[PDB]
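First comes the structure, then the notes that go with it.
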Amino acid sequence: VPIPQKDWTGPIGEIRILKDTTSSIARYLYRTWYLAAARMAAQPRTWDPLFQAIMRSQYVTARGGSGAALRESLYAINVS
Amino acid sequence: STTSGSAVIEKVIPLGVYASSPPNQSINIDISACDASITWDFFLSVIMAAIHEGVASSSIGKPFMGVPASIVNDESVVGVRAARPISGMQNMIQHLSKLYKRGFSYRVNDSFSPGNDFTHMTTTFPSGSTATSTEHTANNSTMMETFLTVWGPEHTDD
Amino acid sequence: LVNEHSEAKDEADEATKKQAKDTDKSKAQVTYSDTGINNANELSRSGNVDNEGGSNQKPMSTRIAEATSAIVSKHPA
Amino acid sequence: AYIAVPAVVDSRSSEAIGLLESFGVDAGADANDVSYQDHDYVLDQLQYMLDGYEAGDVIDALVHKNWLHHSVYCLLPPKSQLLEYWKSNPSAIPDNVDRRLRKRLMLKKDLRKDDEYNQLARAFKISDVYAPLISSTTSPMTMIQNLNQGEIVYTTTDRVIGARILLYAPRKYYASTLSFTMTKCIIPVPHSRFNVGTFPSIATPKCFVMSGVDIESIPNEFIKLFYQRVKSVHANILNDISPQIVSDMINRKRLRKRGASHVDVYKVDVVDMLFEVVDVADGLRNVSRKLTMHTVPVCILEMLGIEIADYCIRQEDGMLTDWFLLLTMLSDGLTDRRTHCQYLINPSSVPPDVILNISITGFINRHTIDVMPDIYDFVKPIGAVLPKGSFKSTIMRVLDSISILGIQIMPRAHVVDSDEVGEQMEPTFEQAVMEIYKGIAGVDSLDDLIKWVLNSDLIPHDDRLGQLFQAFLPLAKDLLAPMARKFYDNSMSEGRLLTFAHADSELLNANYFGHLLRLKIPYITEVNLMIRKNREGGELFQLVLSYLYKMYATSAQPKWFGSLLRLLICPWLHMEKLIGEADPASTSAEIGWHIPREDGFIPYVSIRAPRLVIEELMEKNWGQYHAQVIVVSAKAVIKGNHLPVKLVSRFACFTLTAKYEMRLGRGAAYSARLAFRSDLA
Amino acid sequence: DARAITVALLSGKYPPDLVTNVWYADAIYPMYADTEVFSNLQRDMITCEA
Amino acid sequence: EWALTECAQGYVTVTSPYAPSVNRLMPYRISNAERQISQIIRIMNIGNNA
Amino acid sequence: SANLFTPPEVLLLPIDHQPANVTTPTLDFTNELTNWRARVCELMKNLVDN
Amino acid sequence: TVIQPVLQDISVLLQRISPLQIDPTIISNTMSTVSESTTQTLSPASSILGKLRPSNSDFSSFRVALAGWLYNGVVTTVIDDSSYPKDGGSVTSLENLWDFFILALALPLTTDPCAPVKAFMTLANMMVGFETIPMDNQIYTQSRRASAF
Amino acid sequence: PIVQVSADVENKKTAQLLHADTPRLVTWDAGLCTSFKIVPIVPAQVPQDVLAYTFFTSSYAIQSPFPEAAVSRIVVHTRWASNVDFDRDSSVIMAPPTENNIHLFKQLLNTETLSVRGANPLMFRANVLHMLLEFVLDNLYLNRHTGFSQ
RNA sequence: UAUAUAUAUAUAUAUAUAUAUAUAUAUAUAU
RNA sequence: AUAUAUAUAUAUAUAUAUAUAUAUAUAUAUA
RNA sequence: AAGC
């Protein structure tokens, strides 16, 4: 049972806002993620430079990352 | 939601021992092929929009993680098509939405099979990313709550 | 066809520039612009307005051209 | 005189291209009257500034910049490095410095442990020497005002906007700064009577602004935002002027080929088309509606003759004419000019909202837009998704009959129909869909299903269609998807193809490979079905099928179909204006897979371009990409990565599709690398 | 948050050498080059007109 | 300039020319009633929403 | 003036305002909030010593 | 542009006819004093020299000022606002005091009819917060910029 | 078709409150301050067998302030001679009465009307009021001084 | 034959960067 | 007093890059 | 190639 196509707004870049008149159950999922994002972004620790540094360093590990594909992807736009 | 590992010591034994003991009863629920079941059709198109919208206020005009702010086209309202500044998180959301809509490009090099290597286009959610387990848990809880609150009460009469 | 206020300001800049050249220095010691006085209401004579107070966005001759071209009559059929 | 236009302007490049008459301003005799200011670096500075400030206040500050007044920044090093710089070559110290510090700096001693220089340095700050300073805690308005009067503005940070940036002491001293944007080295322009710049300023009561009211039509994002904000704040103090006004003020006293350089072919000019739907059913007329067409390239309008007069768009058959289809096909939809909602076209001649005759009125906007959809990183097969009832046959037929420059772009053999997957099974998908009805209680025949699901107004009940989808989806996802997967896998082998589908989820579930495009149409597709006679299971079945596919599709905004045809056609049509006379032997090229044992070579891409461009293409690493060719009807498969688009050019319009064939014997699977086998001349 | 407000009340300092009439003259100067208020006035007029 | 000087509490000084002008048109003065109407409309928007 | 329930030009505060008479401020303990903090500290001190 | 050559050319004429010679070193050598090292770097003798900048040898401003007297009815000589103390200044700043001194001593040479008032107010501006005077106008305060008069 | 949509999701009250678009108050018109146009209806009976063609003024190619026709009528056409800088995009234009003008009076509430040649009389007043409002709105301009010549 | 634009080779002037060598001063270790 | 290491100042040489000028060659346009 |  899919979400009706008549229940979306115009695009904002790539995203598309979901209306509130929808009969689908997706509305509650949208509301939950909405409130979650709002509460997340309001935390002052989010803007602390150390927190952002920790998040950046989290995925910097000694394990593989498919670097080769990265390399030709960058070469595709003439960057060495 | 727990965060324990697969070492037996760090899990919640009390939860299981309490749940199994009568007169309590337990229901075991698992999602088959969970990663393959989360695509742009239903989930991603909603979660991405919700995250992008629920961040603009508390974050307007600020860079993040090295990602800067940018400007995007606006078409939400009918007729009026304008431009709109977005924060660093919203820039990341736009790019990640592009990636999610396109799919994924898996590269294979079968070492046990000479001449078996190619590229496979797929929409399955990645397993190697940092957002896998947390996202799966969040959607699990949200869908269960939605069932218990709205859909389920409206679909049974006993 | 430049605004009178603009010309008053633009002329001020040129005079200041030649001051610097005359005294072989990058920054002029005496300037005709960026003074304390708020001389905003200043006007300078420009080629934007004619003697009738009208806009010179179309030359006198051309205006006379359209004016008397509408009165002419041609030899009959 | 200053005029701001809604496009990026550069001192050297924008002059070579007819930027002013890319809008419509004639400017016949140059006479060194028009001048251009470089604003690209200003845009880069704006983007950099967006990392620390709101967009609105930055734009507001930038508006007050006087572009006819010359001034420039002067980046300085950090304080500690500034002193040690003054120690070396103690001949640049300004006279404003404390005499004690100046005397101590010329001491010629190492000053490592002076213990008196230390205190002097500690109690020293740059502002003591340089009056106007910016220290990363300064509002942009302050910077704009400081550049407004004075020639040199001193700063200790590189995050500034408004003008160029020069260097103080050599680069060795600057360690925190790494950006190479426009920071001029230690090494060190008049104004014409008219000046053209991208930005619009209010520093003067008569700095003019171009038409600029077509905010939605501005291609670039940053310029669009800038213009929107400017008119949303200072709407009442702007001097709006039209292209005709500019032409007059340029050619007042005088009125009574872009030289020779590299030419891009993906920059096209488009105009808004205004017309109406005059009804002449009797000897009299009507003015029923007034509509607008948005993105119509000028090349098409000049190609097929379009004047302003009383055009009829139907032939004796009763359906629409081909040229009207193409014209509506190249645009971005229609819009009513009274109510600003979207408009859709009724194809059939059914009383409600018929269109038989139209009358053009005029063309309002004109601007140059890029044509590259920007999702074209690699040369890949293309898959287009259109709803059922989208004139597929007519579009295919019209496209096939295009032989512009001896190449016959988009041949019928290089396109695959949506229904082609259907007849791979001996019972096609359609009869299985027909037989679905047996799985529904209370329905005994397909006709019963039709009258059950529709409400006498050809509308699904929005609930019964629910169980129709319930039954139909397993059929699709269990039968059509795998056969589609094999079909697409084989289809990729013959080479690049144009693929049509009905819902994108078909291609997604089939693991389709290549660029994916969702396109919509400015018509009522549903009405296109029931008029089309000679249907198999009845037209109403086709309507229900179309509804099922539309419900099957994903949630994604489909672009206008014109975005594809524009890329397919316009670059070639433009290039014909340049190459239509030269010798084809020199101005032609060919890219293909090389296989050594005359010599094996199968074409991949066809290139047409001027001689200089082809010569530049000749020296490129075409051997970097490898594929496996098997065998006239040969076919190959690429390993590794596909060919990036920029390797071809922003010039040299090429062919989007290709079919694999060997030109004049055992079956071989040797190897392949592609070579620039274009030509000798 | 009570904690934050208490921290603010307990830990406020001035710049080492403060002269108010100069500090404010320096700080306020840019912000009265903004013409948004007049635009708001015109918007307010149109509202009642409509 | 009088209004701007007043609103800045004397911390900012601005100047105006003193000579025959050319009758500029700067329509920015409206009655208090329109401001109150617009203010009320604006209140009713944010009604009961944080 | 867009004031509705208060006279124009008037801005209310929940703290008594007392204009400063010098431009080179120095520490001083004659304040409402300083007295409030002192009284609270004294109350706690009495509570401990009970 | 019409005026500029006339004033400038006369100024050069005065320079190349007057017996007066401008030798900045008279200021320099007569200071020949400096405060000691252990104490804070700011010192009045060093501070004034930096403000004067004796090394610079341009005096067109002085030479032109004389020529301005002959054409009072068409050109008004004034002191550039950049010469006034930053943000009005204050008497608490050693640097601002020298700004007052230089500015006050030079005003009588200009043809500005409002020169005395500017000389008065500029001290009042610096004096705010220590010394208060009554002001008739309820708009204009004592903190009004001096260059505006 | 034309059945419309009014429900709107309005979470962006914050954007409205923080910044509102300014109205476009001042606009300049350099053309004729008129909205009424005289149009010919039937071409003049020239040449004829009664009066020689040498009598008529048109035969000498003389411009006339008024149409030279057998029948002429007055038609409202807002800003038909104006030359403005900013367009208010609310023009009211009719055709000569020999040409049909029904579409103007069915623009407001005839969403149920089927025929293209018909209109519902009961919304005539509403359509007329809308037409008058647009007539007023399209004429809000300030006359501009261009220049003269003796 | 003359003028203009683009590319290549050589020489002169200005700026930046790197390396080497010599001398003087200060600190540490050994005789 | 001698040797080794580190830091600062001055001088000299070499190499590379960018900008301007001069000379020759090739391609295109104009007389 | 070989994740979180």
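Chain labels A, B, ... are given in the sequence in which chains occur in the structure tokens; within each chain residues are numbered consecutively from 1, and ligands are likewise numbered from 1 in the order shown.
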
Identify all chain E residues at most 8 Å from chain D by counting only C-alpha atoms; ligands do not count. Present them as number ranges by chain.
-> E: 30, 36, 39

Mind dumping the selected residues with N, CA, C and O atoms as an mmCIF file, in the first residue's frame?
```cif
data_model
loop_
_atom_site.group_PDB
_atom_site.id
_atom_site.type_symbol
_atom_site.label_atom_id
_atom_site.label_comp_id
_atom_site.auth_asym_id
_atom_site.auth_seq_id
_atom_site.Cartn_x
_atom_site.Cartn_y
_atom_site.Cartn_z
ATOM 1 N N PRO E 30 27.485 50.602 12.477
ATOM 2 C CA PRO E 30 27.018 49.918 11.263
ATOM 3 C C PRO E 30 25.530 49.655 11.257
ATOM 4 O O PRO E 30 24.895 49.725 10.199
ATOM 5 N N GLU E 36 15.566 48.408 6.685
ATOM 6 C CA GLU E 36 14.490 47.427 6.692
ATOM 7 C C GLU E 36 13.228 47.981 7.344
ATOM 8 O O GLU E 36 12.112 47.583 6.983
ATOM 9 N N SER E 39 10.823 49.679 4.923
ATOM 10 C CA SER E 39 10.154 48.654 4.138
ATOM 11 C C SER E 39 9.021 48.019 4.928
ATOM 12 O O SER E 39 7.924 47.796 4.398
#
```

Close residues, residue 1 (chain F) itself excluded, 12 Å, only C-alpha atoms (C1' of nucleotides), min 6 positions apart in chain, as number ranges by chain | C: 38; E: 32-33; F: 7-8, 10, 12-17; H: 139-140, 148

Selected residues written out, C-alpha atoms, as an mmCIF file, in the first residue's frame:
```cif
data_model
loop_
_atom_site.group_PDB
_atom_site.id
_atom_site.type_symbol
_atom_site.label_atom_id
_atom_site.label_comp_id
_atom_site.auth_asym_id
_atom_site.auth_seq_id
_atom_site.Cartn_x
_atom_site.Cartn_y
_atom_site.Cartn_z
ATOM 1 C CA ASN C 38 27.288 66.043 3.691
ATOM 2 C CA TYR E 32 21.941 52.128 11.689
ATOM 3 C CA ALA E 33 22.708 51.795 8.003
ATOM 4 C CA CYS F 7 16.656 56.070 18.025
ATOM 5 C CA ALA F 8 20.385 55.561 18.592
ATOM 6 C CA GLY F 10 22.871 59.790 20.789
ATOM 7 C CA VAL F 12 25.492 57.724 16.436
ATOM 8 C CA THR F 13 25.624 61.027 14.562
ATOM 9 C CA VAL F 14 24.309 61.434 11.019
ATOM 10 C CA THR F 15 24.177 64.454 8.738
ATOM 11 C CA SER F 16 21.850 65.829 6.078
ATOM 12 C CA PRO F 17 22.464 68.405 3.346
ATOM 13 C CA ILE H 139 17.588 65.714 19.889
ATOM 14 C CA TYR H 140 21.224 66.794 19.855
ATOM 15 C CA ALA H 148 28.900 67.603 11.801
#
```

Specify as a PDB file with N, CA, C and O atoms, in the first residue's frame all residues of chain I found within 12 Å of chain E, counting only C-alpha atoms.
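Output file iface02.pdb is given in full below:
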```pdb
ATOM      1  N   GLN I  16       8.142  34.374   7.136  1.00  0.00           N
ATOM      2  CA  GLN I  16       7.302  35.554   6.984  1.00  0.00           C
ATOM      3  C   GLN I  16       7.579  36.547   8.105  1.00  0.00           C
ATOM      4  O   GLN I  16       7.766  37.744   7.867  1.00  0.00           O
ATOM      5  N   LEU I  17       7.657  36.050   9.337  1.00  0.00           N
ATOM      6  CA  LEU I  17       7.793  36.930  10.488  1.00  0.00           C
ATOM      7  C   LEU I  17       9.159  37.604  10.516  1.00  0.00           C
ATOM      8  O   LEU I  17       9.270  38.778  10.882  1.00  0.00           O
ATOM      9  N   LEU I  18      10.208  36.878  10.138  1.00  0.00           N
ATOM     10  CA  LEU I  18      11.549  37.448  10.175  1.00  0.00           C
ATOM     11  C   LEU I  18      11.780  38.408   9.019  1.00  0.00           C
ATOM     12  O   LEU I  18      12.567  39.352   9.137  1.00  0.00           O
ATOM     13  N   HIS I  19      11.118  38.182   7.888  1.00  0.00           N
ATOM     14  CA  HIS I  19      11.293  39.056   6.739  1.00  0.00           C
ATOM     15  C   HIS I  19      10.055  38.975   5.867  1.00  0.00           C
ATOM     16  O   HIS I  19       9.583  37.880   5.553  1.00  0.00           O
ATOM     17  N   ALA I  20       9.539  40.133   5.470  1.00  0.00           N
ATOM     18  CA  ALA I  20       8.371  40.222   4.611  1.00  0.00           C
ATOM     19  C   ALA I  20       8.730  40.971   3.340  1.00  0.00           C
ATOM     20  O   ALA I  20       9.527  41.915   3.369  1.00  0.00           O
ATOM     21  N   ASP I  21       8.146  40.548   2.226  1.00  0.00           N
ATOM     22  CA  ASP I  21       8.416  41.195   0.951  1.00  0.00           C
ATOM     23  C   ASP I  21       7.838  42.600   0.943  1.00  0.00           C
ATOM     24  O   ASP I  21       6.740  42.835   1.455  1.00  0.00           O
ATOM     25  N   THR I  22       8.572  43.534   0.369  1.00  0.00           N
ATOM     26  CA  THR I  22       8.093  44.904   0.297  1.00  0.00           C
ATOM     27  C   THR I  22       7.129  45.055  -0.869  1.00  0.00           C
ATOM     28  O   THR I  22       7.357  44.478  -1.936  1.00  0.00           O
ATOM     29  N   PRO I  23       6.058  45.818  -0.714  1.00  0.00           N
ATOM     30  CA  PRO I  23       5.202  46.122  -1.858  1.00  0.00           C
ATOM     31  C   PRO I  23       5.915  47.030  -2.841  1.00  0.00           C
ATOM     32  O   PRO I  23       6.826  47.778  -2.483  1.00  0.00           O
ATOM     33  N   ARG I  24       5.486  46.961  -4.096  1.00  0.00           N
ATOM     34  CA  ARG I  24       6.028  47.819  -5.144  1.00  0.00           C
ATOM     35  C   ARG I  24       5.130  49.044  -5.243  1.00  0.00           C
ATOM     36  O   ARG I  24       4.127  49.051  -5.955  1.00  0.00           O
ATOM     37  N   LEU I  25       5.495  50.101  -4.518  1.00  0.00           N
ATOM     38  CA  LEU I  25       4.637  51.278  -4.442  1.00  0.00           C
ATOM     39  C   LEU I  25       4.821  52.185  -5.650  1.00  0.00           C
ATOM     40  O   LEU I  25       3.882  52.415  -6.415  1.00  0.00           O
ATOM     41  N   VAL I  26       6.022  52.710  -5.838  1.00  0.00           N
ATOM     42  CA  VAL I  26       6.266  53.723  -6.855  1.00  0.00           C
ATOM     43  C   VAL I  26       6.562  53.052  -8.186  1.00  0.00           C
ATOM     44  O   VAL I  26       7.457  52.206  -8.286  1.00  0.00           O
ATOM     45  N   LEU I 133     -12.045  45.826  -9.997  1.00  0.00           N
ATOM     46  CA  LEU I 133     -10.882  45.827  -9.120  1.00  0.00           C
ATOM     47  C   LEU I 133      -9.598  45.737  -9.928  1.00  0.00           C
ATOM     48  O   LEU I 133      -8.641  46.477  -9.670  1.00  0.00           O
ATOM     49  N   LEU I 137      -6.505  48.409 -10.223  1.00  0.00           N
ATOM     50  CA  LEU I 137      -5.148  48.005  -9.875  1.00  0.00           C
ATOM     51  C   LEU I 137      -4.181  48.244 -11.024  1.00  0.00           C
ATOM     52  O   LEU I 137      -3.038  48.654 -10.804  1.00  0.00           O
TER      53      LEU I 137
END
```

Residue hits in chain F, query chain E, radius 6 Å, only C-alpha atoms, as a list in words |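 Those within range of chain E come out as residues 11, 28, 34 and 38 of chain F.
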
Using only C-alpha atoms, determine which residues of chain C fall within 6 Å of chain F; present them as a PDB file with N, CA and C atoms, in the first residue's frame.
```pdb
ATOM      1  N   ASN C  38      28.305  66.823   4.395  1.00  0.00           N
ATOM      2  CA  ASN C  38      27.288  66.043   3.691  1.00  0.00           C
ATOM      3  C   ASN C  38      26.749  66.920   2.570  1.00  0.00           C
ATOM      4  N   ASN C  39      27.494  66.986   1.476  1.00  0.00           N
ATOM      5  CA  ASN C  39      27.102  67.794   0.326  1.00  0.00           C
ATOM      6  C   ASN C  39      26.311  66.974  -0.685  1.00  0.00           C
ATOM      7  N   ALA C  40      25.247  66.324  -0.214  1.00  0.00           N
ATOM      8  CA  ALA C  40      24.471  65.447  -1.080  1.00  0.00           C
ATOM      9  C   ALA C  40      23.632  66.217  -2.086  1.00  0.00           C
ATOM     10  N   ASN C  41      23.117  67.383  -1.711  1.00  0.00           N
ATOM     11  CA  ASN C  41      22.239  68.151  -2.577  1.00  0.00           C
ATOM     12  C   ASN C  41      22.977  68.880  -3.686  1.00  0.00           C
TER      13      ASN C  41
END
```

Per-residue DSSP, region 15-147 of chain H, filtered to alpha helix (DSSP H), as a ChimeraX atom specification = /H:15,25-31,44-52,60-68,94-106,115-126

Please, which residues in chain D fall within 12 Å of chain I when counting only C-alpha atoms, and what is the closest atom pair and distance in Å to one decimal for each, ordered by chain then residue number, as JSON lines?
```
{"residue": "D:56", "atom": "CA", "partner": "I:19", "partner_atom": "CA", "distance": 9.9}
{"residue": "D:57", "atom": "CA", "partner": "I:19", "partner_atom": "CA", "distance": 11.9}
{"residue": "D:208", "atom": "CA", "partner": "I:85", "partner_atom": "CA", "distance": 11.8}
{"residue": "D:209", "atom": "CA", "partner": "I:85", "partner_atom": "CA", "distance": 11.1}
{"residue": "D:210", "atom": "CA", "partner": "I:85", "partner_atom": "CA", "distance": 10.7}
{"residue": "D:211", "atom": "CA", "partner": "I:85", "partner_atom": "CA", "distance": 8.7}
{"residue": "D:212", "atom": "CA", "partner": "I:86", "partner_atom": "CA", "distance": 10.6}
{"residue": "D:213", "atom": "CA", "partner": "I:86", "partner_atom": "CA", "distance": 8.5}
{"residue": "D:214", "atom": "CA", "partner": "I:86", "partner_atom": "CA", "distance": 11.5}
{"residue": "D:228", "atom": "CA", "partner": "I:21", "partner_atom": "CA", "distance": 9.8}
{"residue": "D:229", "atom": "CA", "partner": "I:21", "partner_atom": "CA", "distance": 8.9}
{"residue": "D:230", "atom": "CA", "partner": "I:21", "partner_atom": "CA", "distance": 10.2}
{"residue": "D:231", "atom": "CA", "partner": "I:22", "partner_atom": "CA", "distance": 8.0}
{"residue": "D:232", "atom": "CA", "partner": "I:21", "partner_atom": "CA", "distance": 4.9}
{"residue": "D:233", "atom": "CA", "partner": "I:22", "partner_atom": "CA", "distance": 6.1}
{"residue": "D:234", "atom": "CA", "partner": "I:22", "partner_atom": "CA", "distance": 7.5}
{"residue": "D:235", "atom": "CA", "partner": "I:24", "partner_atom": "CA", "distance": 5.9}
{"residue": "D:236", "atom": "CA", "partner": "I:24", "partner_atom": "CA", "distance": 5.8}
{"residue": "D:237", "atom": "CA", "partner": "I:26", "partner_atom": "CA", "distance": 8.4}
{"residue": "D:238", "atom": "CA", "partner": "I:26", "partner_atom": "CA", "distance": 9.9}
{"residue": "D:239", "atom": "CA", "partner": "I:85", "partner_atom": "CA", "distance": 8.2}
{"residue": "D:240", "atom": "CA", "partner": "I:85", "partner_atom": "CA", "distance": 6.0}
{"residue": "D:241", "atom": "CA", "partner": "I:85", "partner_atom": "CA", "distance": 6.3}
{"residue": "D:242", "atom": "CA", "partner": "I:85", "partner_atom": "CA", "distance": 7.5}
{"residue": "D:243", "atom": "CA", "partner": "I:85", "partner_atom": "CA", "distance": 11.2}
{"residue": "D:244", "atom": "CA", "partner": "I:85", "partner_atom": "CA", "distance": 11.4}
{"residue": "D:245", "atom": "CA", "partner": "I:85", "partner_atom": "CA", "distance": 9.9}
{"residue": "D:277", "atom": "CA", "partner": "I:116", "partner_atom": "CA", "distance": 11.6}
{"residue": "D:278", "atom": "CA", "partner": "I:100", "partner_atom": "CA", "distance": 10.6}
{"residue": "D:279", "atom": "CA", "partner": "I:116", "partner_atom": "CA", "distance": 9.3}
{"residue": "D:280", "atom": "CA", "partner": "I:100", "partner_atom": "CA", "distance": 10.5}
{"residue": "D:281", "atom": "CA", "partner": "I:117", "partner_atom": "CA", "distance": 10.4}
{"residue": "D:282", "atom": "CA", "partner": "I:100", "partner_atom": "CA", "distance": 11.1}
{"residue": "D:283", "atom": "CA", "partner": "I:99", "partner_atom": "CA", "distance": 9.9}
{"residue": "D:284", "atom": "CA", "partner": "I:99", "partner_atom": "CA", "distance": 6.3}
{"residue": "D:285", "atom": "CA", "partner": "I:99", "partner_atom": "CA", "distance": 6.2}
{"residue": "D:286", "atom": "CA", "partner": "I:100", "partner_atom": "CA", "distance": 5.8}
{"residue": "D:287", "atom": "CA", "partner": "I:103", "partner_atom": "CA", "distance": 6.9}
{"residue": "D:288", "atom": "CA", "partner": "I:103", "partner_atom": "CA", "distance": 5.8}
{"residue": "D:289", "atom": "CA", "partner": "I:103", "partner_atom": "CA", "distance": 8.1}
{"residue": "D:290", "atom": "CA", "partner": "I:103", "partner_atom": "CA", "distance": 10.8}
{"residue": "D:336", "atom": "CA", "partner": "I:2", "partner_atom": "CA", "distance": 11.2}
{"residue": "D:337", "atom": "CA", "partner": "I:89", "partner_atom": "CA", "distance": 9.0}
{"residue": "D:338", "atom": "CA", "partner": "I:90", "partner_atom": "CA", "distance": 8.4}
{"residue": "D:339", "atom": "CA", "partner": "I:107", "partner_atom": "CA", "distance": 9.5}
{"residue": "D:340", "atom": "CA", "partner": "I:89", "partner_atom": "CA", "distance": 11.3}
{"residue": "D:341", "atom": "CA", "partner": "I:4", "partner_atom": "CA", "distance": 9.0}
{"residue": "D:342", "atom": "CA", "partner": "I:2", "partner_atom": "CA", "distance": 10.2}
{"residue": "D:343", "atom": "CA", "partner": "I:1", "partner_atom": "CA", "distance": 9.2}
{"residue": "D:344", "atom": "CA", "partner": "I:1", "partner_atom": "CA", "distance": 8.8}
{"residue": "D:345", "atom": "CA", "partner": "I:1", "partner_atom": "CA", "distance": 10.6}
{"residue": "D:346", "atom": "CA", "partner": "I:1", "partner_atom": "CA", "distance": 10.4}
{"residue": "D:350", "atom": "CA", "partner": "I:115", "partner_atom": "CA", "distance": 11.5}
{"residue": "D:351", "atom": "CA", "partner": "I:115", "partner_atom": "CA", "distance": 7.8}
{"residue": "D:352", "atom": "CA", "partner": "I:114", "partner_atom": "CA", "distance": 6.8}
{"residue": "D:353", "atom": "CA", "partner": "I:116", "partner_atom": "CA", "distance": 7.6}
{"residue": "D:354", "atom": "CA", "partner": "I:116", "partner_atom": "CA", "distance": 9.2}
{"residue": "D:355", "atom": "CA", "partner": "I:116", "partner_atom": "CA", "distance": 11.4}
{"residue": "D:523", "atom": "CA", "partner": "I:1", "partner_atom": "CA", "distance": 11.8}
{"residue": "D:524", "atom": "CA", "partner": "I:1", "partner_atom": "CA", "distance": 9.8}
```

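Within 9 Å of chain C, counting only C-alpha atoms, chain D contributes residues 1, 68, 69, 149, 150, 151, 204, 205, 206, 248, 249, 252, 253 and 256 of chain D.
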
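The interatomic distance for the pair CA of residue 14 (chain E) and CA of residue 16 (chain G) works out to 21.5 Å.
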
Test item: residues at most 9 Å from region 69-74 of chain C, only C-alpha atoms (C1' of nucleotides), excluding those fewer than 2 positions along its chain, as a ChimeraX atom specification = /C:64-67,76-77 /I:59-63

For residue 31 (chain G), work out the shell of residues within 12 Å, counting only C-alpha atoms (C1' of nucleotides) and skipping chain neighbours fewer than 3 positions away, then give it as a PyMOL selection string.
-> chain G and resi 15-18+27-28+34-38
